[PDB]
Amino acid sequence: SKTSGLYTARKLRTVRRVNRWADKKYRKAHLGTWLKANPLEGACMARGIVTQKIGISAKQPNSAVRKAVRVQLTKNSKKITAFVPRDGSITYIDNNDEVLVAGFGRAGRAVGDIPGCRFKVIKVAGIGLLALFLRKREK
Amino acid sequence: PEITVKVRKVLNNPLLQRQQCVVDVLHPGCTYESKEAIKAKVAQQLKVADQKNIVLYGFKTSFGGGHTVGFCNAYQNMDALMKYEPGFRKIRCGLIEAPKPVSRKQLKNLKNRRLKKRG
Amino acid sequence: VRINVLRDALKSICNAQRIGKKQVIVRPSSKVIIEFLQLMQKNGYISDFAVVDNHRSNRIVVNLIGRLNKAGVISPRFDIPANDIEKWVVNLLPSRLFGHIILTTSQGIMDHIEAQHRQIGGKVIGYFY
Amino acid sequence: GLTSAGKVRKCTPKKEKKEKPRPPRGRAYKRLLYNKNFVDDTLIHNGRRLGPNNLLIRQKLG
Amino acid sequence: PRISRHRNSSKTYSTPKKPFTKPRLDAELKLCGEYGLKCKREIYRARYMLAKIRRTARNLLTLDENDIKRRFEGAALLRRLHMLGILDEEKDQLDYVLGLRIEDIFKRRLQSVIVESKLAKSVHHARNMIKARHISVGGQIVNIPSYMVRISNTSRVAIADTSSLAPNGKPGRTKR
RNA sequence: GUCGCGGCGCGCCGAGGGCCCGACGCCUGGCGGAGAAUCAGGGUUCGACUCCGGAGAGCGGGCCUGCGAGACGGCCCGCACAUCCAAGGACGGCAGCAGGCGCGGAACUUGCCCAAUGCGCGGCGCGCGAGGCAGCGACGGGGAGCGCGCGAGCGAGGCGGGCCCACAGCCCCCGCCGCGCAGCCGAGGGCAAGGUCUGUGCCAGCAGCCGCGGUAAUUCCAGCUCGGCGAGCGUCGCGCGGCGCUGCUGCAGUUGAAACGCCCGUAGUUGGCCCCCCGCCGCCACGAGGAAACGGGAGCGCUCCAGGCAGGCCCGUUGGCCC
Numbered sequence: 002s003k004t005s006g007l008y009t010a011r012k013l014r015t016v017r018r019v020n021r022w023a024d025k026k027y028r029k030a031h032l033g034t035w036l037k038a039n040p041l042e043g044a045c046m047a048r049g050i051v052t053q054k055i056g057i058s059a060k061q062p063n064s065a066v067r068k069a070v071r072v073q074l075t076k077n078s079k080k081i082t083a084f085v086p087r088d089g090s091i092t093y094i095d096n097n098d099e100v101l102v103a104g105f106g107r108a109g110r111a112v113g114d115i116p117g118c119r120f121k122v123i124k125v126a127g128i129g130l131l132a133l134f135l136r137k138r139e140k
Numbered sequence: 002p003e004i005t006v007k008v009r010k011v012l013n014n015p016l017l018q019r020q021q022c023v024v025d026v027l028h029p030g031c032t033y034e035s036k037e038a039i040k041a042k043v044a045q046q047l048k049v050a051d052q053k054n055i056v057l058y059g060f061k062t063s064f065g066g067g068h069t070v071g072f073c074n075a076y077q078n079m080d081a082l083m084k085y086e087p088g089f090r091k092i093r094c095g096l097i098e099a100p101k102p103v104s105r106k107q108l109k110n111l112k113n114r115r116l117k118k119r120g
Numbered sequence: 002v003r004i005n006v007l008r009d010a011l012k013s014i015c016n017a018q019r020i021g022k023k024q025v026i027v028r029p030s031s032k033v034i035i036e037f038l039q040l041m042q043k044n045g046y047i048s049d050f051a052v053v054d055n056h057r058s059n060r061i062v063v064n065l066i067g068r069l070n071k072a073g074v075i076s077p078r079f080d081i082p083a084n085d086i087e088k089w090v091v092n093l094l095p096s097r098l099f100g101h102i103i104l105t106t107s108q109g110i111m112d113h114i115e116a117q118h119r120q121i122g123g124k125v126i127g128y129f130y
Numbered sequence: 007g008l009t010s011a012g013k014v015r016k017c018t019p020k021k022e023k024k025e026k027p028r029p030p031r032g033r034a035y036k037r038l039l040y041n042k043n044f045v046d047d048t049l050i051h052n053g054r055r056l057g058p059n060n061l062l063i064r065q066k067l068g
Numbered sequence: 002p003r004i005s006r007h008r009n010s011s012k013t014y015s016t017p018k019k020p021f022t023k024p025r026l027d028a029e030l031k032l033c034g035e036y037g038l039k040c041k042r043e044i045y046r047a048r049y050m051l052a053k054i055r056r057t058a059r060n061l062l063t064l065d066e067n068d069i070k071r072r073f074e075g076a077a078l079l080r081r082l083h084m085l086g087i088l089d090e091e092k093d094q095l096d097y098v099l100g101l102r103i104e105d106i107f108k109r110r111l112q113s114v115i116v117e118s119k120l121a122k123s124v125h126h127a128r129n130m131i132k133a134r135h136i137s138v139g140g141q142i143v144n145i146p147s148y149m150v151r152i153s154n155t156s157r158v159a160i161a162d163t164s165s166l167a168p169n170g171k172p173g174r175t176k177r
């Protein structure tokens with residue numbers, strides 16, 4: 002119904018503060034559980050040493066082997082799974098060679114057929130992945 | 002091509018014994034070859050007739066335009082000029098010999114070293 | 002309980018116009034109802050209105066000419082600054098040229114145009130377009 | 007799987023790039039885009055307007 | 002610290018809400034064809050200058066007449082639009098400022114003025130001539146094709162005296 | 001006791017004080033404001049930084065001098081951590097400026113100089129890593145190019161002079177030679193642009209989303225052609241808009257998410273009509289008075305422009321006025 006009294010500003014201010022939390026987006030912006038949980042911890046991107054190169058299956062109905070690396074982030078010692086983008090790019094990434102990882106673009110959700118990979122490699126050993134693919138700089 | 006010189010906002014300054022003037026150098030299709038070249042015309046307007054006692058400065062060409070806006074410090078006498086003139090602008094006049102300052106860091110290193118040994 | 006005397010009156014007039022009834026009765030008569038209706042009578046939106054005396058709150062028999070389109074109240078009556086009047090007219094009324102916003106002013110109950118000419122603002126009683 | 011990676015990339019036969027002339031740049035390129043699209047009415051016209059990359063527009067211009 | 006910090010700066014262009022609308026892509030290309038524009042940012046600047054001027058006109062029209070701001074600020078908007086030539090001299094009212102297009106911003110620009118004076122064979126010709134400083138407005142050579150002349154300077158727009166009248170006599174290719 | 005008032009402190013007496021108009025406790029990847037981002041309106045989010053006020057110079061304390069400091073480019077001490085040592089001792093404190101190290105996704109030269117603008121002392125003038133200048137610097141903002149055209153023209157340079165400058169330099173002017181030069185993402189839809197030709201054959205990959213790939217791939221890998229924007233374009237993170245998906249304007253609750261099983265009831269919020277003429281309230285208007293910058297905004301052609309407060313023989317030329 003709503004309250005419309007010249008002196009009921011306090012109630013409306015309290016109702017807005019209480020019901021603001023129902024949206025997942027306000028909670029994922031102000032509750033702070035996300036900031037602690039995120040391995041990027043609110044950073045635009047993170048750096049970390051490769052530990053394992055893993056072949057991850059695509060979700061149905063797609064049938065494919067997506068190529069990814071498990072990365073332990075130097076910043077918080079937290080192992081994530083990051084897809085290495087483009088074709089034959091995994092060959093450039095060796096083991097333990099350091100990779101810079103950014104998120105996929107769904108703000109912390111897994112995107113595409115790939116499940117649980119919220120991150121993708123952008124720079125291998127200080128060399129941009131896209132450059133090594135376009136053969137602009139060698140490995 | 003010709004250079005025509007007009008001075009504007011001339012102000013008498015007996016405080017510093019100088020005439021503060023705005024020199025306008027109009028050279029359409031040509032260039033004034035240095036402030037010294039056009040000093041005589043500004044000296045004529047002032048009637049000082051002494052080119053030396055005039056200090057030309059802040060000469061700014063306008064984009065494309067022949068007009069160049071500049072300023073003059075026409076001191077009554079050379080002695081007054083020496084008393085009230087930035088030393089660098091007297092060297093830039095070529096009127097005074099160049100005194101040589103040492104590196105500021107070298108000057109302050111020696112100051113610190115003096116303080117270190119019995120102030 | 003009956004918190005707003007004017008809201009029930011302008012609702013009972015709009016319902017009557019939609020039916021196409023020429024005359025209607027308002028159960029409680031207030032001085033502010035008479036002033037709102039008087040403004041509509043000086044704007045041609047209503048016709049003659051007669052307040053019968055029952056020795057209590059009083060009734061109003063209102064004559065209509067089909068001319069009125071919508072009559073309402075803004076509750077709570079919010080005091081409107083002089084420069085805020087136009088922002089209210091851009092949402093509450095259709096067209097800057099037609100319509101009326103009735104605001105109680107220190108000078109008296111007046112339309113938005115009258116308030117704009119006197120360059121003063123006040124609490125909004127309601128609106129009739 | 008991981009061992010068979012980039013198989014289409016290696017398989018693709020290397021294809022040579024045509025040595026096209028340098029295109030007009032800036033205002034001149036905008037002039038040519040405007041000329042082709044609105045003025046002339048020949049490059050994109052089969053008697054009616056057509057899309058820039060249309061197969062009919064190709065072959066006609068090569 | 003550093004007076005540079007205290008120097009101001011602003012963006013003079015306003016990109017469209019939707020970038021790939023076919024009607025609004027083609028019209029911008031036509032407005033680059035008739036005005037010799039290098040990039041869409043120049044058309045966006047034209048709409049940013051018009052929108053601000055229109056917003057002043059709309060905020061004054063809503064204001065009551067004889068409210069002092071409408072009389073003073075409105076006269077200063079009209080005078081500016083008349084001095085540039087964006088507003089036709091005859092109209093002399095605030096309402097006509099609202100009913101204006103970016104064509105009026107473009108027409109006052111120097112590149113379009115040179116073609117009107119018949120000095121330039123085309124708008125593409127004029128742009129190159131102004132870059133080559135062959136054009137002088139009121140005795141000052143200009144190198145900017147978006148200079149935008151005022152109604153008084155329209156007559157004073159002329160070929161730079163030192164450029165195509167051959168005072169140099171050995172210009173560019175002729176020299177060697 | 002203090003510069004002074006005060007539970008500020010103590011002695012004594014009394015039992016108060018604060019609270020659902022949220023006391024108290026906890027937590028804060030919490031300096032505040034002038035402001036900024038985005039935006040019809042209403043709003044939302046951020047407030048390290050320029051100006052203003054506070055706070056702190058590894059962390060706690062304590063002090064002296066002075067008119068003013070609980071001062072750290074003063075001292076004393078405890079802890080943590082350095083430093084040199086002839087082993088007895090001494091000796092620090094870059095959240096000044098460069099510069100390094102570590103850390104992180106991320107951030108400039110151990111440059112020069114007091115010439116401007118201030119300030120400290122001193123009539124004839126120095127001191128200043130305040131501040132200024134240069135370097136670096138696609139944080140970003142602004143202005144021009146990559147031709148015009150049909151025979152002529154530039155500017156990018158270079159080289160000179162001038163100008164400018166603490167000194168150079170840049171800009172700009174002037175002669176001389178003269179040497180235009182594009183990316184980054186896309187083309188199934190959303191969303192602008194091939195139903196082109198290979199390779200591949202649910203593989204490889206792509207694809208924010210829906211989807212393509214299993215042999216006629218408009219979606220991959222190349223060529224070709226084409227679109228968008230442009231000296232910038234793509235990617236990620238986040239804020240705002242989108243989103244009347246937070247709803248004051250302005251959301252919904254029969255069935256989609258959702259009326260408390262019912263009733264009483266305090267706090268809270270809300271209460272008909274009535275007196276013209278009076279006091280208090282809120283209310284609206286208009287004033288005073290209170291920093292600018294910013295944001296507008298008068299006027300002024302930095303060649304335009306982002307800027308700036310300039311200018312020109314001029315209101316006592318300005319720099320109004322607003323927030």
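Protein chains in written order, with the UniProt record's numbering: chain V, 2 to 140; chain H, 2 to 120; chain A, 2 to 130; chain R, 7 to 68; chain Z, 2 to 177.
Note that beta-carbon positions come from the ideal geometry of N, C-alpha and C, so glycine has one too.
Using a Cβ-Cβ cutoff of 9 angstroms, what residues of the region 53 to 72 of chain Z are near chain A? List them in chain order.
Along the region 53 to 72 of chain Z, going in chain order, the ones with a CB nearer than 9 angstroms to a CB of chain A are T63, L64, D65 and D68.
For a quick check, are the C-beta atoms of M50 of chain Z and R109 of chain Z less than 7 angstroms apart?
Taking 7 angstroms as the cut-off, the Cβ atoms of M50 of chain Z and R109 of chain Z do not count as close.
Report the rounded CA-to-CA distance for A69 of chain V versus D88 of chain V, giving the unit in angstroms.
Using only the alpha carbons, I get a separation of about 12 angstroms.
I'd like to know if the region 25 to 40 of chain Z and the region 108 to 122 of chain Z are in contact, where contact means that at least 3 CB-CB pairs between them fall below 8 angstroms.
Contact between the region 25 to 40 of chain Z and the region 108 to 122 of chain Z is established, with three or more Cβ pairs separated by less than 8 angstroms.
Looking at C-beta atoms only, is the number of pairs between the region 79 to 98 of chain V and the region 16 to 27 of chain V that lie closer than 8 angstroms three or more?
Result no; under three Cβ-Cβ pairs closer than 8 angstroms.
Using the C-alpha atoms, what's the distance from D9 of chain A back to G73 of chain A?
Rounded to whole angstroms, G73 of chain A to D9 of chain A spans 9 angstroms at the Cα level.
Indicate whether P29 of chain A and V52 of chain A have their beta-carbon atoms separated by less than 7 angstroms.
Result no, Cβ atoms of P29 of chain A and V52 of chain A do not sit closer than 7 angstroms.
Kindly indicate which three-state DSSP category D80 of chain A falls into: helix, strand or coil?
Under the three-state reduction of DSSP output, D80 of chain A falls in the strand class.
Could you name the residues of the same chain whose beta carbon sits closer than 8 angstroms to that of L99 of chain Z, not counting the 5 residues immediately before and after it, in chain order?
Excluding sequence neighbours, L99 of chain Z sits near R55, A58, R59 and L62.
Looking only at DSSP bridge pairs, what is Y76 of chain H linked to?
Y76 of chain H pairs with H:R19.
Go through its chain and collect everything with a Cβ distance to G45 of chain A's Cβ below 8 angstroms, but skip five positions before and after it.
In the same chain as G45 of chain A, and ignoring 5 residues on each side of it, the C-beta atoms closer than 8 angstroms to its own belong to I66 and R68, in chain order.
Between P82 of chain A and chain V, is any beta-carbon pair separated by less than 7 angstroms?
Chain V, which has no Cβ nearer than 7 angstroms to the Cβ of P82 of chain A, makes this no.
Indicate whether the contact test is met: 3 or more Cβ pairs, each with one atom in the region 55 to 62 of chain A and one in the region 11 to 29 of chain A, closer than 8 angstroms.
Yes, the region 55 to 62 of chain A touches the region 11 to 29 of chain A.
Any residues in the region 84 to 106 of chain A with a beta carbon nearer than 7 angstroms to a beta carbon of chain Z? Which ones, in chain order?
Against chain Z - using a Cβ distance shorter than 7 angstroms - the residues of the region 84 to 106 of chain A are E87.
Assuming contact is defined by CB atoms lying nearer than 7 angstroms, are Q20 of chain H and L47 of chain H in contact in what I supplied?
Going by C-beta atoms, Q20 of chain H is nearer than 7 angstroms to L47 of chain H.
Rounded to whole angstroms, how far is the Cβ of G66 of chain H from the Cβ of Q141 of chain Z, which I believe are closer than 8 angstroms?
Contact flag correct, Cβ pair sits at about 6 angstroms.
Can you give me, in chain order, the residues of the region 65 to 96 of chain V that have a beta carbon less than 7 angstroms from any beta carbon in chain R?
So the close ones are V66, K68, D88, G89, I91 and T92.
Straight-line CA distance for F105 of chain V to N39 of chain V?
Between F105 of chain V and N39 of chain V, the C-alpha separation is close to 13 angstroms.
Below 9 angstroms on C-beta distance, what does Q117 of chain A contact in chain Z?
Within 9 angstroms Cβ-Cβ: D65.
Below 8 angstroms, can you find three or more Cβ-Cβ pairs linking the region 50 to 60 of chain V to the region 89 to 97 of chain V?
Yes, since at least three Cβ pairs between the region 50 to 60 of chain V and the region 89 to 97 of chain V fall closer than 8 angstroms, the two stretches touch.
With distance defined between alpha-carbon atoms, name the residue in V:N97, V:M46, V:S5 and V:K29 nearest to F120 of chain V.
Closest in C-alpha terms to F120 of chain V, from the list V:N97, V:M46, V:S5 and V:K29, comes V:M46.
Can the beta-carbon of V66 of chain V be found less than 7 angstroms from the beta-carbon of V100 of chain V?
Going by C-beta atoms, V66 of chain V is not nearer than 7 angstroms to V100 of chain V.
Specify the secondary structure class of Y85 of chain H as computed by DSSP and reduced to three states.
DSSP places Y85 of chain H outside both helix and strand once states are collapsed to three, so it counts as coil.
C-alpha distance - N54 of chain H paired with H135 of chain Z, whole-angstrom precision
CA-CA distance, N54 of chain H to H135 of chain Z, rounds to 41 angstroms.
Can you say whether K122 of chain Z is buried or exposed, counting buried as having 16 or more other CB atoms within 10 angstroms of its CB?
Burial state of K122 of chain Z is exposed, judged by a 10 Å Cβ sphere holding fewer than 16 other Cβ atoms.
Compare the C-beta of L7 of chain V with all C-beta atoms of chain A and state if any pair is closer than 7 angstroms.
Yes - at least one Cβ of chain A is within 7 angstroms of the one on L7 of chain V.
Which residues in chain R sit within 7 angstroms of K54 of chain V, going by Cβ to Cβ distance?
Neighbours of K54 of chain V on chain R, chain order: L8.
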